[PDB]
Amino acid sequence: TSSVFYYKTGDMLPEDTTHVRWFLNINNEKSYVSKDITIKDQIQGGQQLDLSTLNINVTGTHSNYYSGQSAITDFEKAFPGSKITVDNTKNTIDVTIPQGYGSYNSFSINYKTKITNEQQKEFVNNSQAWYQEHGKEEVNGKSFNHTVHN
């Protein structure tokens, strides 16, 4: 009965007060997809993306877990046409998943940001999505932001 194609969430482990964990959860119901999936993510101020913590969990027709230092490359290799573009200076992450591979698979992209402002209480991550599930209205530029509190 539940169903949200894409949403962004995050938290702070109480045993690790210097990092914020972020999760991009794509195609949660493993629907067929009519167009490519494009996610644009802009991490906001007071935190720095830790690229070494980037992992991707794919479940469905092509179940695999990508982690380590070659994660992005191993993923882009496994999913030809896919692209994950990270800009460590700008703190942006852009994800493109071809419709053929987007179909019938859930993608959970997780990473952490190191807190650089120990005084800040809220850390926000903004994202915009472009996609279309089979038989539903096209989604374009819709915002899925999240604020982790402290």
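Residue numbers here begin at 1 and follow the sequence given.
- Between 95-103 and 25-33, it is 95-103 that carries the larger average Cα temperature factor according to the deposited entry.
- Averaged over their C-alpha atoms, the temperature factors of 56-64 and 39-47 are higher for 56-64.
- Comparing C-alpha B-factors across 18, 140, 9, 127 in the deposited entry, the largest value falls on 140.
- In the PDB entry, a CA B factor belonging to the highest third of its chain's modelled residues is recorded for residue 70.
- In this PDB entry, the Cα temperature factor of residue 89 sits in the top third of its chain's modelled residues, the highest group.
- Residue 82 sits in the highest third of its chain by CA B factor, as recorded in the PDB entry.
- When all modelled residues of the chain are sorted by CA temperature factor, residue 110 is found within the middle third.
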